[PDB]
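Along the sequence shown, residues carry numbers from 1. Atoms within a ligand are numbered from 1 in the order they appear, just like the ligands themselves. All values below come from the heavy atoms of this structure, side chains included, with hydrogens, waters and symmetry mates left out.
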Amino acid sequence: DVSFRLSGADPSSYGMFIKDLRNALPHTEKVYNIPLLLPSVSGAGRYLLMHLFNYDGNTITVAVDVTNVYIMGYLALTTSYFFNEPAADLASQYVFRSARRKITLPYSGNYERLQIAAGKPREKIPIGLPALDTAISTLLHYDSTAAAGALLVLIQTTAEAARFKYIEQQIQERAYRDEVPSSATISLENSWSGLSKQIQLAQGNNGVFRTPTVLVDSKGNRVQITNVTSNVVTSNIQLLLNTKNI
Ligand SMILES: *[C@@H]1O[C@H](CO)[C@@H](O)[C@H](O)[C@H]1NC(C)=O
Ligand SMILES: OC[C@H]1O[C@H](O)[C@H](O)[C@@H]1O
């Protein structure tokens, strides 16, 4: 398990959380020195628990699928909550079985359904450490519309930060003042799968991508990534989704 406390949190402590989160995902190889997540894991071993503590010290435990960094669901006091999707339903057979009731959320976990449920896209939702604190607090008590916004925060500040150094740095820059994600951040989130694939297909093709990936950069300019020398590959992405899952 890994843990993060908002009480006394700073850019360093957050960075040590995100490092512990990355280190908790198993891999047996690296591809261009980036950890390759496993094709699958059977049983309870598929799921990492993240223990998150709000500023007053209340906690939720969040289950994460180690093969893709997807949030399956969470436990808040004696109630478990799972996404309305078959991967989470399967995950509920292994984690949080000690909950006194299990609620299935009225949406699946993907960004588009979450944004619908929230009433807004995540371009308009501030992230950062204060927002994470707020998110944890929201999830303590069921409200499905509020929880959608909170989960959008939680996913970006945990899983998305683990996947990309840039996003981790964005959040560190937002330790004491929330701000909506930069459009680069949104672009990386949306491209994780495709980047992961193209980095794996570059092995066998002289480091060249089969199909270029289009990103939005830090200045807001639209840029093509065509090979493993790009900074996104050498100095940013930290975890590759296995092509067996794409
Ligand atoms: C690889 O990408 C770099 C920029 O990251 C670019 O200058 C170069 O032309 C590209 N080479 C190939 C073969 O794609
Ligand atoms: O479509 C968004 C997906 O990527 C993010 O990681 C969320 O967990 C979600 O499953």
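The nearest heavy-atom contact from the protein to atom 9 (C) of ligand 2 is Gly109 O, 3.1 Å. When only non-hydrogen protein atoms are considered, atom 6 (O) of ligand 2 lies nearest to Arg163 NH1, 2.8 Å. Scanning the protein for heavy atoms near atom 1 (O) of ligand 2, the closest one is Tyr111 N, 3.0 Å.
One finds a salt bridge joining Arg22 and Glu168 here, because a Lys/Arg side-chain nitrogen approaches an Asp/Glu carboxylate oxygen to under 4.0 Å.
With hydrogens and angles left out, the side-chain atoms of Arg101 and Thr79 include a donor and acceptor closer than 3.5 Å. Between the side chains of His51 and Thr59, no donor-acceptor pair is found at a separation under 3.5 Å. Neither side chain, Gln198 nor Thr213, offers a donor N or O lying under 3.5 Å from an acceptor on the other.
Between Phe4 and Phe17, the ring planes lie parallel to each other; the angle is under 30°, not in the 30° to 60° tilted range. The aromatic rings of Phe82 and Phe96 sit tilted relative to each other, their planes meeting at an angle between 30° and 60°.
For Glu112, no heavy-atom contact with ligand 2 is shorter than 4.0 Å.
Which parts of ligand 2 touch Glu160 is read off a 4.0 Å heavy-atom cut-off, strictly below it: atoms 5 (C), 6 (O).
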| task | Verify side chain to side chain donor-acceptor pair (under 3.5 Å) between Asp10 and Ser12, making sure each step is shown before the conclusion. | result | CA-CA 5 Å; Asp10 75 354; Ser12 197; 4.7 Å; no

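Judged by the 6.0 Å distance and 45° axis criteria, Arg46 is not positioned over the aromatic ring of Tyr94. Both the sub-6.0 Å distance and the 45° axial angle are satisfied by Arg5 relative to the ring of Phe53.
Geometrically, ligand 2 and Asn110 share no nitrogen or oxygen pair separated by less than 3.5 Å. Residue contacts with ligand 2: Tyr70 is placed with no nitrogen or oxygen under 3.5 Å of a nitrogen or oxygen of the ligand (distance criterion only).
Each of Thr226, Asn227, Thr229, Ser230 has a non-hydrogen atom positioned under 4.0 Å from some atom of ligand 1.
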